[PDB]
Amino acid sequence: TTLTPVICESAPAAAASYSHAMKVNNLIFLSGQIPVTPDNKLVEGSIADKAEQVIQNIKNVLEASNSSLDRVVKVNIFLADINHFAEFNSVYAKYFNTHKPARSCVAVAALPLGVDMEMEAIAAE
Amino acid sequence: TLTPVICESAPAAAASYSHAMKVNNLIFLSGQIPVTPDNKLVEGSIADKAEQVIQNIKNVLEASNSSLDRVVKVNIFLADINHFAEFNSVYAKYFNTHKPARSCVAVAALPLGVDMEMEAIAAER
Amino acid sequence: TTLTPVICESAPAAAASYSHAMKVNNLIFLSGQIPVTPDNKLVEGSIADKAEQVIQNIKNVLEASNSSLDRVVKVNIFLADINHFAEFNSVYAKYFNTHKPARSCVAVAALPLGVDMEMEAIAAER
């Protein structure tokens with residue numbers, strides 16, 4: 001069993017002591033991503049703009065991990081407000097169309113930096 | 001290779017996701033809520049709702065060539081922490097001799113305003 | 001595929017029908033740990049004191065599962081109050097310095113026994 005951390009510059013710097021992803025053999029566990037740009041600026045706009053940045057962050061981490069969106073196995077979504085469900089789902093369906101990972105989604109009390117959502121994922125190398 | 005699982009006996013997915021996704025020997029199941037396979041919200045007690053949730057999970061496991069006794073980890077999201085004990089007493093009917101690792105938290109809200117969401121990870125037969 | 005439940009005597013007794021950990025071949029899934037002593041008493045004190053007990057519980061479960069902190073793959077943190085983020089992170093950083101697992105952290109509405117945090121993890125066996 002080999003453990004290989006992943007840290008990529010095209011994703012926001014970790015807000016605490018964690019790698020962007022950790023590979024255990026061929027399985028990749030990705031850290032939760034929030035709507036922050038690679039240069040660490042909070043995303044402004046709509047829920048669509050925010051979700052778009054979150055998935056781009058995930059996409060970039062997957063690339064640095066020798067994986068891709070098409071190789072995502074499971075995704076967990078945490079929303080700051082359950083009413084943002086449909087708007088998030090729309091951007092989500094844009095990236096997961098032909099390939100549909102398993103998924104869970106819940107509305108939590110609050111997220112780091114007061115953001116609207118956090119998304120984590122597990123993918124195959 | 002990643003193998004998607006579509007379960008005809010489970011409620012239709014609320015977003016762009018498969019009921020489960022298999023990667024090698026592991027199965028990642030999507031979050032299930034107290035909704036009948038005819039896609040109607042379960043009305044009644046926490047025990048009644050818990051029963052439907054686990055039944056949906058059981059059905060998905062069967063469709064993924066797995067079973068309750070092969071579940072490795074379960075994550076429970078409650079809409080109200082006070083439902084903990086009652087939920088636990090129904091949960092014990094399905095996981096008694098076989099006890100998966102588990103986590104349980106109470107979140108702010110869940111899709112469709114339901115009282116709980118359960119996801120899991122299992123080993124293929 | 002071999003599934004091996006792990007019973008950790010030095011961790012708080014399971015609050016429901018679950019194992020402290022479950023090993024599936026070389027991967028280990030750990031149950032959510034809360035700030036309770038091995039003697040089932042709820043830790044009283046600072047966020048740091050609670051964070052220390054949760055990480056020690058996780059440490060003991062890792063040991064019982066033939067693993068270690070430096071073999072942790074992913075950690076998920078659930079806080080009862082997002083404002084405890086910084087204090088929790090400070091303690092967390094002590095145990096995950098050279099080795100930094102993937103991680104997620106969210107604040108939820110409430111946790112079992114009314115505690116302030118719950119930590120689960122996935123680790124690799126030695």
# chains A, B, ... in the order shown; residues from 1 in each chain; ligands from 1
call {"tool": "select_by_dssp", "arguments": {"residues": "chain A", "states": "helix (DSSP H, G or I)", "output": "PDB file with N, CA, C and O atoms, in the first residue's frame"}}
result
ATOM      1  N   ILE A  47     -24.530  31.562  -7.624  1.00  0.00           N
ATOM      2  CA  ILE A  47     -24.218  30.219  -7.174  1.00  0.00           C
ATOM      3  C   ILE A  47     -23.536  29.519  -8.363  1.00  0.00           C
ATOM      4  O   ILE A  47     -22.650  28.692  -8.179  1.00  0.00           O
ATOM      5  N   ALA A  48     -23.945  29.852  -9.592  1.00  0.00           N
ATOM      6  CA  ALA A  48     -23.330  29.218 -10.756  1.00  0.00           C
ATOM      7  C   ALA A  48     -21.847  29.579 -10.852  1.00  0.00           C
ATOM      8  O   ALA A  48     -21.021  28.717 -11.121  1.00  0.00           O
ATOM      9  N   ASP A  49     -21.511  30.846 -10.638  1.00  0.00           N
ATOM     10  CA  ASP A  49     -20.106  31.262 -10.680  1.00  0.00           C
ATOM     11  C   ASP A  49     -19.310  30.527  -9.603  1.00  0.00           C
ATOM     12  O   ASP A  49     -18.186  30.081  -9.846  1.00  0.00           O
ATOM     13  N   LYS A  50     -19.900  30.414  -8.413  1.00  0.00           N
ATOM     14  CA  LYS A  50     -19.239  29.734  -7.295  1.00  0.00           C
ATOM     15  C   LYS A  50     -19.035  28.233  -7.570  1.00  0.00           C
ATOM     16  O   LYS A  50     -17.921  27.707  -7.437  1.00  0.00           O
ATOM     17  N   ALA A  51     -20.087  27.552  -8.007  1.00  0.00           N
ATOM     18  CA  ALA A  51     -19.981  26.127  -8.305  1.00  0.00           C
ATOM     19  C   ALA A  51     -18.969  25.896  -9.429  1.00  0.00           C
ATOM     20  O   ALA A  51     -18.202  24.930  -9.423  1.00  0.00           O
ATOM     21  N   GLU A  52     -18.964  26.799 -10.400  1.00  0.00           N
ATOM     22  CA  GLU A  52     -18.051  26.700 -11.524  1.00  0.00           C
ATOM     23  C   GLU A  52     -16.601  26.700 -11.000  1.00  0.00           C
ATOM     24  O   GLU A  52     -15.788  25.890 -11.430  1.00  0.00           O
ATOM     25  N   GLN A  53     -16.286  27.582 -10.051  1.00  0.00           N
ATOM     26  CA  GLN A  53     -14.919  27.635  -9.511  1.00  0.00           C
ATOM     27  C   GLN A  53     -14.598  26.374  -8.703  1.00  0.00           C
ATOM     28  O   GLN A  53     -13.485  25.850  -8.782  1.00  0.00           O
ATOM     29  N   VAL A  54     -15.576  25.896  -7.929  1.00  0.00           N
ATOM     30  CA  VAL A  54     -15.396  24.689  -7.120  1.00  0.00           C
ATOM     31  C   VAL A  54     -15.026  23.490  -7.989  1.00  0.00           C
ATOM     32  O   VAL A  54     -14.066  22.763  -7.702  1.00  0.00           O
ATOM     33  N   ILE A  55     -15.771  23.284  -9.068  1.00  0.00           N
ATOM     34  CA  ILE A  55     -15.494  22.174  -9.958  1.00  0.00           C
ATOM     35  C   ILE A  55     -14.177  22.368 -10.725  1.00  0.00           C
ATOM     36  O   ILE A  55     -13.448  21.404 -10.952  1.00  0.00           O
ATOM     37  N   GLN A  56     -13.861  23.602 -11.106  1.00  0.00           N
ATOM     38  CA  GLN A  56     -12.591  23.862 -11.785  1.00  0.00           C
ATOM     39  C   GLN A  56     -11.447  23.463 -10.831  1.00  0.00           C
ATOM     40  O   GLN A  56     -10.472  22.820 -11.241  1.00  0.00           O
ATOM     41  N   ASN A  57     -11.588  23.836  -9.558  1.00  0.00           N
ATOM     42  CA  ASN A  57     -10.606  23.501  -8.520  1.00  0.00           C
ATOM     43  C   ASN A  57     -10.468  21.965  -8.455  1.00  0.00           C
ATOM     44  O   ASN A  57      -9.364  21.414  -8.427  1.00  0.00           O
ATOM     45  N   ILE A  58     -11.604  21.274  -8.404  1.00  0.00           N
ATOM     46  CA  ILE A  58     -11.619  19.813  -8.380  1.00  0.00           C
ATOM     47  C   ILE A  58     -10.961  19.259  -9.657  1.00  0.00           C
ATOM     48  O   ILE A  58     -10.149  18.334  -9.614  1.00  0.00           O
ATOM     49  N   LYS A  59     -11.316  19.833 -10.800  1.00  0.00           N
ATOM     50  CA  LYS A  59     -10.753  19.377 -12.063  1.00  0.00           C
ATOM     51  C   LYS A  59      -9.234  19.524 -12.045  1.00  0.00           C
ATOM     52  O   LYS A  59      -8.508  18.627 -12.482  1.00  0.00           O
ATOM     53  N   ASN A  60      -8.748  20.653 -11.542  1.00  0.00           N
ATOM     54  CA  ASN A  60      -7.312  20.861 -11.508  1.00  0.00           C
ATOM     55  C   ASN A  60      -6.589  19.903 -10.575  1.00  0.00           C
ATOM     56  O   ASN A  60      -5.493  19.422 -10.892  1.00  0.00           O
ATOM     57  N   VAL A  61      -7.219  19.587  -9.445  1.00  0.00           N
ATOM     58  CA  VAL A  61      -6.621  18.665  -8.505  1.00  0.00           C
ATOM     59  C   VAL A  61      -6.610  17.266  -9.133  1.00  0.00           C
ATOM     60  O   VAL A  61      -5.631  16.540  -8.994  1.00  0.00           O
ATOM     61  N   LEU A  62      -7.686  16.900  -9.835  1.00  0.00           N
ATOM     62  CA  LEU A  62      -7.755  15.599 -10.495  1.00  0.00           C
ATOM     63  C   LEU A  62      -6.624  15.454 -11.522  1.00  0.00           C
ATOM     64  O   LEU A  62      -5.977  14.405 -11.598  1.00  0.00           O
ATOM     65  N   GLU A  63      -6.384  16.512 -12.296  1.00  0.00           N
ATOM     66  CA  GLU A  63      -5.322  16.491 -13.303  1.00  0.00           C
ATOM     67  C   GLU A  63      -3.967  16.284 -12.630  1.00  0.00           C
ATOM     68  O   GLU A  63      -3.170  15.453 -13.074  1.00  0.00           O
ATOM     69  N   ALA A  64      -3.711  17.018 -11.551  1.00  0.00           N
ATOM     70  CA  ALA A  64      -2.445  16.866 -10.821  1.00  0.00           C
ATOM     71  C   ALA A  64      -2.326  15.473 -10.191  1.00  0.00           C
ATOM     72  O   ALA A  64      -1.221  15.024  -9.876  1.00  0.00           O
ATOM     73  N   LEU A  69     -12.306  14.049 -14.473  1.00  0.00           N
ATOM     74  CA  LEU A  69     -13.696  14.086 -14.013  1.00  0.00           C
ATOM     75  C   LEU A  69     -14.410  12.787 -14.357  1.00  0.00           C
ATOM     76  O   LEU A  69     -15.247  12.299 -13.585  1.00  0.00           O
ATOM     77  N   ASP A  70     -14.074  12.219 -15.513  1.00  0.00           N
ATOM     78  CA  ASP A  70     -14.671  10.964 -15.962  1.00  0.00           C
ATOM     79  C   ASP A  70     -14.262   9.794 -15.080  1.00  0.00           C
ATOM     80  O   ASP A  70     -14.860   8.728 -15.150  1.00  0.00           O
ATOM     81  N   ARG A  71     -13.230   9.970 -14.266  1.00  0.00           N
ATOM     82  CA  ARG A  71     -12.813   8.897 -13.380  1.00  0.00           C
ATOM     83  C   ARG A  71     -13.213   9.144 -11.908  1.00  0.00           C
ATOM     84  O   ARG A  71     -12.676   8.520 -10.988  1.00  0.00           O
ATOM     85  N   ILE A  82     -29.950  24.906   1.572  1.00  0.00           N
ATOM     86  CA  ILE A  82     -30.586  23.890   0.742  1.00  0.00           C
ATOM     87  C   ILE A  82     -31.303  24.476  -0.478  1.00  0.00           C
ATOM     88  O   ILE A  82     -31.466  23.791  -1.495  1.00  0.00           O
ATOM     89  N   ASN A  83     -31.690  25.748  -0.406  1.00  0.00           N
ATOM     90  CA  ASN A  83     -32.353  26.384  -1.550  1.00  0.00           C
ATOM     91  C   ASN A  83     -31.434  26.606  -2.744  1.00  0.00           C
ATOM     92  O   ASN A  83     -31.902  26.961  -3.832  1.00  0.00           O
ATOM     93  N   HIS A  84     -30.133  26.391  -2.560  1.00  0.00           N
ATOM     94  CA  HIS A  84     -29.194  26.558  -3.670  1.00  0.00           C
ATOM     95  C   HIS A  84     -29.021  25.257  -4.455  1.00  0.00           C
ATOM     96  O   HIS A  84     -28.242  25.207  -5.404  1.00  0.00           O
ATOM     97  N   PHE A  85     -29.750  24.222  -4.047  1.00  0.00           N
ATOM     98  CA  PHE A  85     -29.709  22.880  -4.639  1.00  0.00           C
ATOM     99  C   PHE A  85     -29.805  22.867  -6.173  1.00  0.00           C
ATOM    100  O   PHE A  85     -28.892  22.393  -6.856  1.00  0.00           O
ATOM    101  N   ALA A  86     -30.890  23.413  -6.715  1.00  0.00           N
ATOM    102  CA  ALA A  86     -31.076  23.425  -8.161  1.00  0.00           C
ATOM    103  C   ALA A  86     -29.999  24.175  -8.935  1.00  0.00           C
ATOM    104  O   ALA A  86     -29.526  23.691  -9.964  1.00  0.00           O
ATOM    105  N   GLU A  87     -29.613  25.359  -8.459  1.00  0.00           N
ATOM    106  CA  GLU A  87     -28.576  26.132  -9.143  1.00  0.00           C
ATOM    107  C   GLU A  87     -27.254  25.367  -9.132  1.00  0.00           C
ATOM    108  O   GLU A  87     -26.506  25.384 -10.112  1.00  0.00           O
ATOM    109  N   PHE A  88     -26.941  24.713  -8.015  1.00  0.00           N
ATOM    110  CA  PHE A  88     -25.707  23.939  -7.985  1.00  0.00           C
ATOM    111  C   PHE A  88     -25.802  22.763  -8.954  1.00  0.00           C
ATOM    112  O   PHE A  88     -24.872  22.514  -9.714  1.00  0.00           O
ATOM    113  N   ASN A  89     -26.920  22.035  -8.880  1.00  0.00           N
ATOM    114  CA  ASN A  89     -27.163  20.858  -9.715  1.00  0.00           C
ATOM    115  C   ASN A  89     -26.978  21.172 -11.186  1.00  0.00           C
ATOM    116  O   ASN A  89     -26.483  20.325 -11.930  1.00  0.00           O
ATOM    117  N   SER A  90     -27.356  22.378 -11.612  1.00  0.00           N
ATOM    118  CA  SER A  90     -27.202  22.726 -13.025  1.00  0.00           C
ATOM    119  C   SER A  90     -25.744  22.770 -13.472  1.00  0.00           C
ATOM    120  O   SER A  90     -25.397  22.198 -14.511  1.00  0.00           O
ATOM    121  N   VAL A  91     -24.878  23.425 -12.702  1.00  0.00           N
ATOM    122  CA  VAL A  91     -23.467  23.463 -13.068  1.00  0.00           C
ATOM    123  C   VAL A  91     -22.890  22.047 -12.932  1.00  0.00           C
ATOM    124  O   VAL A  91     -22.088  21.604 -13.750  1.00  0.00           O
ATOM    125  N   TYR A  92     -23.300  21.335 -11.885  1.00  0.00           N
ATOM    126  CA  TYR A  92     -22.815  19.991 -11.676  1.00  0.00           C
ATOM    127  C   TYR A  92     -23.112  19.080 -12.887  1.00  0.00           C
ATOM    128  O   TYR A  92     -22.235  18.370 -13.368  1.00  0.00           O
ATOM    129  N   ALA A  93     -24.347  19.116 -13.375  1.00  0.00           N
ATOM    130  CA  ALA A  93     -24.750  18.291 -14.517  1.00  0.00           C
ATOM    131  C   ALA A  93     -23.992  18.621 -15.794  1.00  0.00           C
ATOM    132  O   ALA A  93     -23.920  17.799 -16.706  1.00  0.00           O
ATOM    133  N   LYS A  94     -23.442  19.827 -15.872  1.00  0.00           N
ATOM    134  CA  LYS A  94     -22.644  20.223 -17.025  1.00  0.00           C
ATOM    135  C   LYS A  94     -21.344  19.406 -17.082  1.00  0.00           C
ATOM    136  O   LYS A  94     -20.897  19.014 -18.157  1.00  0.00           O
ATOM    137  N   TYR A  95     -20.736  19.133 -15.928  1.00  0.00           N
ATOM    138  CA  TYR A  95     -19.495  18.361 -15.899  1.00  0.00           C
ATOM    139  C   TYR A  95     -19.658  16.853 -15.739  1.00  0.00           C
ATOM    140  O   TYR A  95     -18.772  16.090 -16.133  1.00  0.00           O
ATOM    141  N   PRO A 112     -16.271  26.918   5.962  1.00  0.00           N
ATOM    142  CA  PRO A 112     -15.126  27.811   6.162  1.00  0.00           C
ATOM    143  C   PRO A 112     -15.285  29.097   5.341  1.00  0.00           C
ATOM    144  O   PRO A 112     -15.818  29.075   4.227  1.00  0.00           O
ATOM    145  N   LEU A 113     -14.815  30.210   5.900  1.00  0.00           N
ATOM    146  CA  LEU A 113     -14.880  31.511   5.239  1.00  0.00           C
ATOM    147  C   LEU A 113     -16.288  31.961   4.862  1.00  0.00           C
ATOM    148  O   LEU A 113     -16.454  32.880   4.062  1.00  0.00           O
ATOM    149  N   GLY A 114     -17.299  31.322   5.447  1.00  0.00           N
ATOM    150  CA  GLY A 114     -18.678  31.681   5.155  1.00  0.00           C
ATOM    151  C   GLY A 114     -19.119  31.425   3.722  1.00  0.00           C
ATOM    152  O   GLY A 114     -20.066  32.062   3.239  1.00  0.00           O
TER     153      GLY A 114
END
call {"tool": "interface_residues", "arguments": {"of": "chain B", "to": "chain C", "cutoff": "10 Å", "atoms": "only C-alpha atoms", "output": "PyMOL selection string"}}
result
chain B and resi 25-26+69-75+77-82+84-85+87-89+91-109+121-125
call {"tool": "interface_residues", "arguments": {"of": "chain A", "to": "chain C", "cutoff": "8 Å", "atoms": "only C-alpha atoms", "output": "ChimeraX atom specification"}}
result
/A:1,3,5,16-24,29-32,78,108-112,120
call {"tool": "residues_around", "arguments": {"residues": "residue 33 (chain B)", "least_positions_apart": "2", "cutoff": "6 Å", "atoms": "only C-alpha atoms", "output": "list in words"}}
result
residues 35, 53 and 117 of chain B
call {"tool": "write_last_selection", "arguments": {"atoms": "N, CA and C atoms", "output": "PDB file, in the first residue's frame"}}
result
ATOM      1  N   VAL B  35     -37.845   8.018   0.853  1.00  0.00           N
ATOM      2  CA  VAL B  35     -38.695   8.170  -0.312  1.00  0.00           C
ATOM      3  C   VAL B  35     -38.946   6.782  -0.876  1.00  0.00           C
ATOM      4  N   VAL B  53     -35.403   4.214   4.214  1.00  0.00           N
ATOM      5  CA  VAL B  53     -34.023   4.563   3.856  1.00  0.00           C
ATOM      6  C   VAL B  53     -33.157   3.311   3.752  1.00  0.00           C
ATOM      7  N   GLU B 117     -30.721  11.245   5.725  1.00  0.00           N
ATOM      8  CA  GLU B 117     -30.060  10.809   4.496  1.00  0.00           C
ATOM      9  C   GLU B 117     -28.954   9.854   4.939  1.00  0.00           C
TER      10      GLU B 117
END
call {"tool": "interface_residues", "arguments": {"of": "chain B", "to": "chain A", "cutoff": "8 Å", "atoms": "only C-alpha atoms", "output": "list in words"}}
result
residues 2, 4, 15, 16, 17, 18, 19, 20, 21, 22, 23, 28, 29, 30, 31, 77, 107, 108, 109, 110, 111 and 119 of chain B
call {"tool": "atom_distance", "arguments": {"atom1": "CA of residue 40 (chain C)", "atom2": "CA of residue 53 (chain C)"}}
result
11.5 Å
call {"tool": "residues_around", "arguments": {"residues": "residue 10 (chain B)", "least_positions_apart": "3", "cutoff": "12 Å", "atoms": "only C-alpha atoms", "output": "number ranges by chain"}}
result
B: 5-7, 13-14, 18-20, 29-40, 52-63
call {"tool": "select_by_dssp", "arguments": {"residues": "chain C", "states": "strand (DSSP E)", "output": "JSON, numbers by chain"}}
result
{"C": [3, 4, 5, 6, 21, 22, 23, 24, 27, 28, 29, 30, 31, 32, 33, 72, 73, 74, 75, 76, 77, 78, 79, 102, 103, 104, 105, 106, 107, 117, 118, 119, 120, 121, 122, 123, 124]}
call {"tool": "write_last_selection", "arguments": {"atoms": "N, CA, C and O atoms", "output": "short mmCIF file (atom, residue, chain, number, x, y, z; two decimals), in the first residue's frame"}}
result
data_model
loop_
_atom_site.label_atom_id
_atom_site.label_comp_id
_atom_site.auth_asym_id
_atom_site.auth_seq_id
_atom_site.Cartn_x
_atom_site.Cartn_y
_atom_site.Cartn_z
N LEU C 3 -13.22 -8.58 5.32
CA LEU C 3 -13.72 -7.50 6.15
C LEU C 3 -13.40 -7.86 7.59
O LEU C 3 -13.83 -8.90 8.09
N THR C 4 -12.66 -7.00 8.26
CA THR C 4 -12.30 -7.27 9.64
C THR C 4 -12.71 -6.13 10.55
O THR C 4 -12.17 -5.03 10.46
N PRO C 5 -13.71 -6.37 11.42
CA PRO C 5 -14.15 -5.33 12.34
C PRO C 5 -13.05 -5.14 13.38
O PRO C 5 -12.36 -6.10 13.74
N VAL C 6 -12.87 -3.90 13.83
CA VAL C 6 -11.86 -3.61 14.84
C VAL C 6 -12.53 -3.09 16.10
O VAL C 6 -13.32 -2.15 16.05
N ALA C 21 -13.75 0.57 13.95
CA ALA C 21 -13.21 0.64 12.60
C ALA C 21 -13.54 -0.64 11.86
O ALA C 21 -13.89 -1.66 12.47
N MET C 22 -13.45 -0.58 10.53
CA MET C 22 -13.70 -1.75 9.70
C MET C 22 -12.60 -1.78 8.65
O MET C 22 -12.41 -0.81 7.90
N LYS C 23 -11.88 -2.90 8.58
CA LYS C 23 -10.84 -3.01 7.59
C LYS C 23 -11.36 -3.81 6.40
O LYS C 23 -12.01 -4.84 6.58
N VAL C 24 -11.14 -3.29 5.20
CA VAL C 24 -11.53 -3.98 3.98
C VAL C 24 -10.21 -4.11 3.24
O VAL C 24 -9.70 -3.15 2.63
N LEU C 27 -7.46 -1.22 3.38
CA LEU C 27 -8.00 0.08 3.77
C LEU C 27 -8.74 -0.06 5.08
O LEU C 27 -9.33 -1.10 5.37
N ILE C 28 -8.72 1.00 5.87
CA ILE C 28 -9.38 1.00 7.17
C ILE C 28 -10.34 2.19 7.26
O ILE C 28 -9.92 3.34 7.12
N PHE C 29 -11.62 1.92 7.51
CA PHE C 29 -12.56 3.03 7.67
C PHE C 29 -12.84 3.20 9.14
O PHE C 29 -13.31 2.26 9.80
N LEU C 30 -12.53 4.38 9.65
CA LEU C 30 -12.77 4.67 11.06
C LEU C 30 -14.07 5.42 11.33
O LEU C 30 -14.45 6.36 10.60
N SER C 31 -14.76 4.99 12.39
CA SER C 31 -15.99 5.63 12.81
C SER C 31 -15.70 7.02 13.37
O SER C 31 -14.57 7.32 13.80
N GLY C 32 -16.72 7.87 13.35
CA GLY C 32 -16.57 9.22 13.87
C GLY C 32 -16.27 9.20 15.37
O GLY C 32 -16.97 8.55 16.14
N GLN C 33 -15.20 9.88 15.75
CA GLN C 33 -14.83 9.97 17.16
C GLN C 33 -15.23 11.34 17.70
O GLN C 33 -15.16 12.35 17.00
N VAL C 72 -2.72 7.85 7.61
CA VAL C 72 -4.09 8.32 7.41
C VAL C 72 -4.17 8.90 6.00
O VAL C 72 -3.30 9.67 5.57
N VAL C 73 -5.22 8.51 5.29
CA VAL C 73 -5.44 8.96 3.92
C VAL C 73 -6.32 10.21 3.81
O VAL C 73 -5.96 11.19 3.15
N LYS C 74 -7.47 10.17 4.48
CA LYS C 74 -8.47 11.23 4.42
C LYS C 74 -9.12 11.39 5.78
O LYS C 74 -9.37 10.41 6.48
N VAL C 75 -9.38 12.63 6.15
CA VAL C 75 -10.02 12.97 7.42
C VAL C 75 -11.20 13.88 7.13
O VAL C 75 -11.11 14.76 6.28
N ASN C 76 -12.32 13.63 7.80
CA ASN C 76 -13.47 14.49 7.68
C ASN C 76 -13.78 15.04 9.06
O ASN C 76 -13.90 14.26 10.02
N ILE C 77 -13.90 16.35 9.15
CA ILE C 77 -14.21 17.01 10.40
C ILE C 77 -15.62 17.61 10.36
O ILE C 77 -16.01 18.24 9.37
N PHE C 78 -16.37 17.40 11.44
CA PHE C 78 -17.71 17.97 11.57
C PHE C 78 -17.69 18.81 12.85
O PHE C 78 -17.51 18.27 13.94
N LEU C 79 -17.87 20.12 12.71
CA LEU C 79 -17.85 21.01 13.88
C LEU C 79 -19.26 21.43 14.26
O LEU C 79 -20.11 21.63 13.39
N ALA C 102 -5.69 14.15 3.09
CA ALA C 102 -6.66 14.97 2.37
C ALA C 102 -7.64 15.26 3.51
O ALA C 102 -7.65 14.53 4.50
N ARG C 103 -8.46 16.30 3.39
CA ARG C 103 -9.38 16.64 4.48
C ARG C 103 -10.57 17.48 4.04
O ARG C 103 -10.52 18.18 3.03
N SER C 104 -11.65 17.39 4.82
CA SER C 104 -12.83 18.21 4.60
C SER C 104 -13.27 18.63 5.98
O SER C 104 -12.96 17.95 6.97
N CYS C 105 -13.95 19.77 6.05
CA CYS C 105 -14.43 20.30 7.32
C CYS C 105 -15.67 21.15 7.08
O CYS C 105 -15.69 22.04 6.22
N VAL C 106 -16.71 20.86 7.84
CA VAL C 106 -17.96 21.60 7.73
C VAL C 106 -18.50 21.75 9.14
O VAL C 106 -18.09 21.02 10.06
N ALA C 107 -19.40 22.71 9.32
CA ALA C 107 -20.03 22.91 10.62
C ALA C 107 -21.45 22.41 10.45
O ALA C 107 -22.15 22.77 9.50
N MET C 117 -17.44 18.51 18.36
CA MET C 117 -16.84 18.04 17.12
C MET C 117 -16.84 16.52 16.97
O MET C 117 -16.94 15.78 17.95
N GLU C 118 -16.78 16.06 15.72
CA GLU C 118 -16.73 14.63 15.42
C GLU C 118 -15.74 14.46 14.28
O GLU C 118 -15.81 15.19 13.28
N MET C 119 -14.81 13.53 14.44
CA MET C 119 -13.78 13.29 13.42
C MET C 119 -13.72 11.84 12.97
O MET C 119 -13.59 10.92 13.78
N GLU C 120 -13.83 11.64 11.66
CA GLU C 120 -13.72 10.30 11.10
C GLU C 120 -12.50 10.32 10.18
O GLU C 120 -11.97 11.40 9.84
N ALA C 121 -12.07 9.14 9.75
CA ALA C 121 -10.91 9.04 8.89
C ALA C 121 -10.87 7.71 8.14
O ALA C 121 -11.60 6.76 8.46
N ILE C 122 -10.02 7.66 7.12
CA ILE C 122 -9.79 6.48 6.33
C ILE C 122 -8.28 6.37 6.37
O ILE C 122 -7.58 7.37 6.21
N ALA C 123 -7.76 5.17 6.61
CA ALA C 123 -6.31 5.00 6.73
C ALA C 123 -5.85 3.72 6.03
O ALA C 123 -6.66 2.87 5.68
N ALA C 124 -4.54 3.60 5.83
CA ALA C 124 -3.96 2.43 5.20
C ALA C 124 -3.37 1.54 6.28
O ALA C 124 -2.76 2.02 7.23
#
call {"tool": "atom_distance", "arguments": {"atom1": "CA of residue 48 (chain B)", "atom2": "CA of residue 116 (chain C)"}}
result
29.3 Å
call {"tool": "atom_distance", "arguments": {"atom1": "CA of residue 50 (chain C)", "atom2": "CA of residue 69 (chain C)"}}
result
18.0 Å
call {"tool": "residues_around", "arguments": {"residues": "residue 60 (chain C)", "least_positions_apart": "3", "cutoff": "9 Å", "atoms": "only C-alpha atoms", "output": "VMD selection string"}}
result
chain C and resid 8 to 11 55 to 57 63 to 65 68
call {"tool": "residues_around", "arguments": {"residues": "residue 90 (chain B)", "least_positions_apart": "4", "cutoff": "8 Å", "atoms": "only C-alpha atoms", "output": "number ranges by chain"}}
result
B: 47, 50-51, 86, 94
call {"tool": "write_last_selection", "arguments": {"atoms": "N, CA and C atoms", "output": "compact mmCIF listing (two decimals), in the first residue's frame"}}
result
# COMPACT_ATOMS: atom_id res chain seq x y z
N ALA B 47 -39.03 5.97 12.79
CA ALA B 47 -38.79 4.56 12.54
C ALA B 47 -39.28 4.18 11.14
N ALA B 50 -36.83 5.65 8.63
CA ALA B 50 -35.56 4.95 8.72
C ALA B 50 -35.66 3.62 7.99
N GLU B 51 -36.81 2.95 8.12
CA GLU B 51 -37.04 1.68 7.45
C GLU B 51 -36.95 1.80 5.94
N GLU B 86 -34.05 6.82 18.32
CA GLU B 86 -35.04 6.06 17.58
C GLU B 86 -34.42 5.53 16.28
N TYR B 94 -30.88 -3.97 11.13
CA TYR B 94 -30.15 -4.34 9.92
C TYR B 94 -28.66 -4.56 10.09
